[PDB]
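First comes the structure, then the notes that go with it.
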Amino acid sequence: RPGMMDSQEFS
Amino acid sequence: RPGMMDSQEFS
Amino acid sequence: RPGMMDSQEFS
Amino acid sequence: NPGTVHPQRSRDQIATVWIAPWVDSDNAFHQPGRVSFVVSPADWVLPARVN
Amino acid sequence: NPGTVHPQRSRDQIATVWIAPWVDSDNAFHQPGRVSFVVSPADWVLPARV
Amino acid sequence: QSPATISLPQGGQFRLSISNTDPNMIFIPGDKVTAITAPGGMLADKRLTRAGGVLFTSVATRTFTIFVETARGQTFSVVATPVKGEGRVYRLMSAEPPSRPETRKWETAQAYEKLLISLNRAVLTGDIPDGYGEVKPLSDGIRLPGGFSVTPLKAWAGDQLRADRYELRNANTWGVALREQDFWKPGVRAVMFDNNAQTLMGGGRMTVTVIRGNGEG
Amino acid sequence: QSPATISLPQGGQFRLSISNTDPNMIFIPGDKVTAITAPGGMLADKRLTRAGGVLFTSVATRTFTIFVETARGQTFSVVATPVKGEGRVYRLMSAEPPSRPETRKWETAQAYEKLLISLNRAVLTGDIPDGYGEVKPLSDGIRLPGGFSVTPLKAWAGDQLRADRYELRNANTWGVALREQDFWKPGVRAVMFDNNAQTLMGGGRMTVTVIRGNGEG
């Protein structure tokens, strides 16, 4: 879990 | 419930 | 409910 | 006798707008000019007094 | 050598016309102004060496 | 009361009072609000008015930021602190005119001199074209000769053109001849005097309508 | 207030404080945010606003790095320190403009004006538009300020308009400023002077093309 990153791509 | 508002739209 | 914002998209 | 009135027609009101220099789609320079239009036209002014 | 001098471009020729006042279809009165427009364009030329 | 006018650029941050008890309203003179966003659990109700406004109720008591997004592309932020009292109505002027793509089509379909006459007639006759919307008037859009002072009144703006009306006061009380060319500035596309004029009396409250370009500068 | 404007090269990194309590906005004018990335758990909610822009809220208490990607391929980085206060809005700008769109002249002249202009240009070069077969010129067309004698050279006659060329003689010895409207005669549509006028001197023969209606008396 540590080190992961959230990213969202907008349509 | 507090803060809500009643509104009627006439046809 | 943490950080959530009220985002109402009106049609 | 029935009365008489004089028909009176009001003057037209005009408006003039100055135009600044401009270039159109065909690249011809247009030096400053003006164009006039009528805002309120002439009409009969019905009588204030018939007699 | 006479040729191969640095090139230069000429100046376009421009002509002005005067339009007499006229009345539009919508009864708008135009009192316009002289229009200056390019007539002849420019072209390449080799300047005479000094 | 008359609705209060905020006038904010498209990043604006205005601190305004809001009422906890009764509904409050925000309207755009020329745009339709499409969304209001506040912190979760802050704005109790939110409904969109038909004209294009939004009515909202806040129950909480802390100062908060709310974001409004209009349809034609716009975003304004207000920080609202809830106080006890009547509902408040605020009118939001754009300050930076919005892009109106559907208006360019009407704007360019006709000739230039015809369009100028049309905008000038509409402002004078009081009817506004459909594609145009109300914007904050420019502080300085015309040159001021002979020690004059100018108070803006109203402004409208489309896509490539922008109309404004300026009230001119002669302060020198000595008689000043009036020429539209003397008010010209880089970007002023046309000038018209509502009264034919040609002269300005010593005390003059007259008006002038200037068309300019949107985005000049 | 106005949104804080920040100019950054691609991959640029700017340290800007945001807010833990209220929503924050980042918009790039002319660009649409397509993606956002932050250390995990740092950003509570992310939504796309009208006309691009991102609305984001943070419950975090530690400085973190957000990477934002626009649709034109630009990526910027922001270091955000969360602090108590109003939601902050930032305007993102690009240090180097990628391209320069060429200017667009949208103004269109009137049909009558273009018609006269096209003909005057054709006559000046001498090529004949179709329907122009040549004709004897008149003597009616030119009024003379004085010292000028007129001789007709060439003339064209068409279906709607008519053009002719007259060469004026050299004036006496006083410099005669040439006014294009000082050669006017009822019935003439447009009068233009060859070369540049600006005072024909103690002499000079200059050809003038006069344009008049056709068919109409």
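In order of appearance the chains are A, B, C, D, E, F and G, and numbering begins at 1 in each one.
Criterion: a residue touches a chain if its C-beta (ideal position, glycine included) is under 8 Å from a C-beta of that chain, and two chains touch if they have at least 3 such contacts.
The chains that touch subunit B as well as subunit F do not exist here; no chain meets both. In terms of the distance between Cα centroids, subunit A is separated most widely from D.
Centroids built from CA atoms put subunit E at 37 Å from subunit D. Here the CA centre of subunit B is 68 Å from the CA centre of subunit E.
Subunit D and subunit G have Cα centroids separated by 32 Å.
Taking each chain's centre as the mean of its C-alpha atoms, subunit A lies 40 Å from subunit B. Residue positions of subunit B touching 2 or more other chains: there are none.
Residue numbers of subunit G whose C-beta contacts span two or more other chains: 23, 43, 47, 55, 57, 106-110, 117. Counting partner chains per residue, subunit D has residues 22, 24, 26-28, 30, 32, 34-35, 37 touching two or more of them. Taken in their complex, subunit A has these residues touching subunit G: 1, 4-10.
Taken together, the subunit D residues at the contact with subunit F in this complex read 14-20, 22, 24, 32, 34-35, 37, 39. Only residues 22-28, 30 of subunit D touch subunit G when the two sit together in their complex.
By the touch criterion given at the top, residues 2-5, 7 of subunit C touch subunit G in their complex. Listing the residues of subunit G that touch subunit E in their complex gives 110, 112-113, 116-117, 120-121, 124-125, 180-181, 184, 188-194, 196.
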